[PDB]
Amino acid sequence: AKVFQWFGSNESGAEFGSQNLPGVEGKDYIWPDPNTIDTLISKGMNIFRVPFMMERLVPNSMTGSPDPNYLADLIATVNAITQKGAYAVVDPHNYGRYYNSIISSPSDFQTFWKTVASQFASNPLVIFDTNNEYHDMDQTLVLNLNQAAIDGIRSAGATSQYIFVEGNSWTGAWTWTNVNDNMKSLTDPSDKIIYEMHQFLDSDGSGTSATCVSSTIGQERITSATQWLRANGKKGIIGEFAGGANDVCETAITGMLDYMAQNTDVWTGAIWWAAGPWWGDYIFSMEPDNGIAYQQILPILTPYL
C-alpha cells in the first residue's frame, strides 16, 4: 500500500505571530482545524507535525509549569490526530532559542522536555521533535540539546514514542554531512531516534520562493544525507519540504520522493510544509480545499499514499 512509514503534512498556526508573546488565540495564532486534518487523513496522510511556541506552552522559564489554556489546545490538536490512527509530531518551533536567546542550558531543556513528555507519555502515536531548525549556534550544544531532550522524554516514561532529532544549519539535508556529523552519537534506550532533516528546493534552500532550481534539485540535495544515514546505521525523515505549483518544482518533488522510495532502508518518509488554517494564498499551502499545494501538488503526492 503506502510507500513510506510516514507521509503527511505540517499543520501550522499555533506558532504564528511569534512576535506577540503570550499572544492571543484567534488573533495572533490559531490551532489546526481537525476537520481539514480529517480530509488529509482520508487522502491517506498518516503524520501531522504541529508547530507551537515553547514560550506559549511553558512561559517565562522553560523549567516552569505549562500554560493550561495553550496546553489544552495542543492536547486537543494531538489527540484528535491520533484518535484516527495518524501520528502527531509535537514540534516546539523554536530554532534552538527561547525568548529569542540560544538555549544554552541542556539541563533546563531536559526539564522542559520531561514536562512536555509527561503530557503525552501514554500516547504511542505522539512523536516528540526536539526543536525545529537549530541554526547559528554551537555544534556541540546542538548535540547536547538533542540528547537532553531524549533524556527528559524517556525519564517521563514516554518510551514507546519516536523522537525526531534535528541538526544545525536549519536541519538541512543538503548541508547535513558537513555540519551535523556529531549527531551520529545521540543515544536512546528505546532505539527510536529518527533524524529529521528539512529540504527546500529554491535557489538558497530557504523555501521562500515558489521557483525551484531544477527538476532534479530535490534528489540532488538529499543524496549525501542518504549516504550518511546508511553508512552510520541511522534512520531519517524529511520533516519539511515544499516546492511551488509549477512544472519544474513538481518534477523535482516527484524525483525526490521517487529517490527516497528507492532508499526506504533509511528514509521513513516525508512531511510537506505546510497546511494550517491561516495560510491564505501561501505559495505552499496544503490546506483543503483551496490551498495551491492542495490543489496542484497533492495529485503528485497521492501515488505514495
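Start at 1 with the first residue shown and count on from there.
Chemist: Of the two stretches 237-245 and 25-33, which shows the higher Cα B-factor on average in the entry?
Modeler: Taking the mean B-factor of the alpha carbons in each, 25-33 is higher.
Chemist: Going by the average Cα B-factor in the PDB entry, point out whether 150-158 or 68-76 comes out higher.
Modeler: On average, C-alpha B-factors are higher across 68-76.
Chemist: Looking at the C-alpha B-factor values in the deposited entry, which of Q83, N144, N168, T111 comes out highest?
Modeler: Result of the comparison over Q83, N144, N168, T111: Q83.
Chemist: Tell me which of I222, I194, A231, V89 tops the list for C-alpha B factor in the record.
Modeler: Checking the PDB record, the top C-alpha B-factor among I222, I194, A231, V89 is at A231.
Chemist: Can you work out whether the C-alpha temperature factor of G172 puts it in the lowest, middle or highest third of the chain?
Modeler: Tercile = lowest for this residue's CA B-factor.
Chemist: Would the CA B-factor of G218 place it in the lowest, middle or highest third of its chain?
Modeler: Middle third of the chain for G218's C-alpha B-factor.
Chemist: Sorting the chain's modelled residues by C-alpha B-factor, tell me whether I103 ends up in the lowest, middle or highest third.
Modeler: It belongs to the middle third of the chain when residues are ordered by C-alpha B-factor.
Chemist: For the chain shown, is the CA B-factor of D138 in the lowest, middle or highest third of its modelled residues?
Modeler: Within its chain, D138 is a lowest-third residue by C-alpha B-factor, going by the deposited values.
Chemist: Check where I253 lands among this chain's C-alpha B-factors and tell me if it's the lowest, middle or highest third.
Modeler: Middle third, going by the recorded CA B-factors of the chain.
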